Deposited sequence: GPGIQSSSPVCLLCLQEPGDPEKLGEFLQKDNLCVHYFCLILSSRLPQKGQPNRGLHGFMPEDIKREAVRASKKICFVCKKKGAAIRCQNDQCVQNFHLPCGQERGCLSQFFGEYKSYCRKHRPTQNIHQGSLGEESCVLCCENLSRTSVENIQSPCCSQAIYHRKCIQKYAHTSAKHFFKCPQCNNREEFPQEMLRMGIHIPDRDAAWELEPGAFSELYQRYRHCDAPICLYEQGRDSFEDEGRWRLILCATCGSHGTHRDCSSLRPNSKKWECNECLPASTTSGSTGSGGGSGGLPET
């Protein structure tokens, strides 16, 4: 039964509460960790849990013990509404249940329903289904054409493509569009894109052909391994570039320099 120190609930959906970090005998949602209103980030992201020291996380838990979530009426509320005229405390999942908004820039301010940011305000192109009725689950873009998307679809786009490639789907805006997305509550991770972070992603792509296709290979490490000099280095065909070998397997010399394979002859 693993649980989050700050919100006191199961790990749940990473898309909504972040990766469920557990390390050095502590367990916290990543969003709960960075969105808690008073938790100092005081380390290298190597050190501790992404720059948050366990001593400080524990003490934040202790403070939050003295706070009642206005949603579930139970103690442990680690997030406070950042409006000046509001004193409402809430758990992150409870705030999401009541439509609270969390910002992921600057001081990572969070707001309750009454005081959250707004925008003045068909089919979401990303998913190709009709826009949600509740205009808090939809979102415009200031960049161009005043395009409206599902909030969930834009968040999924931000997570997969991430900061470096997150842009207007139409005009490729990378300055005003993501700033407007940030101020309304879109997580934009500073990480490489998802299709780059796949296991073995773009591995057989490029992967310059490096394989010895001679009738017999003269080398122990085999057709699969090579070196930099000597008769054990790799040579590739002059035209196809996709058929190659250890130099001595064709028993050739540095005095010709132009290897064409069996096929390109």
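No alpha-carbon coordinates exist for the deposited sequence positions 1-7, 129-135, 280-300, given here in order along the chain.
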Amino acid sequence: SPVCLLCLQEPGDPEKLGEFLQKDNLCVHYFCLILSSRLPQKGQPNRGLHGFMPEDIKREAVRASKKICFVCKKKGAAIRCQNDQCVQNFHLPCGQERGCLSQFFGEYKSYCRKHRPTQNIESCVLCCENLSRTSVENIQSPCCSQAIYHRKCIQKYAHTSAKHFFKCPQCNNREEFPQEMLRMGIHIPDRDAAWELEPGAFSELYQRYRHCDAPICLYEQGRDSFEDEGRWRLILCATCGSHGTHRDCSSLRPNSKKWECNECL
From here on, numbers count along this sequence of modelled residues.
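When the C-alpha B-factors of 247-255 and 21-29 are averaged, 247-255 comes out higher. A summary of the deposited B-factors shows that, of 233-241 and 217-225, the stretch with the larger mean C-alpha value is 217-225.
Each of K58, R38, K66, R47 has a CA temperature factor in the record; the biggest one is found at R47. Of the candidates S161, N89, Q82, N120, the PDB record gives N120 the highest C-alpha temperature factor. Sorting the modelled residues of the chain by their CA temperature factor places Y206 in the highest third. Among all modelled residues in this chain, the alpha-carbon of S102 has a temperature factor (C-alpha) in the lowest third. Sort the chain's modelled residues by C-alpha temperature factor and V3 lands in the middle third, per the entry. The deposited CA B-factor of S110 belongs to the lowest third of values across its chain.
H187: CA B factor in the lowest third of modelled residues in this chain (values from the PDB entry).
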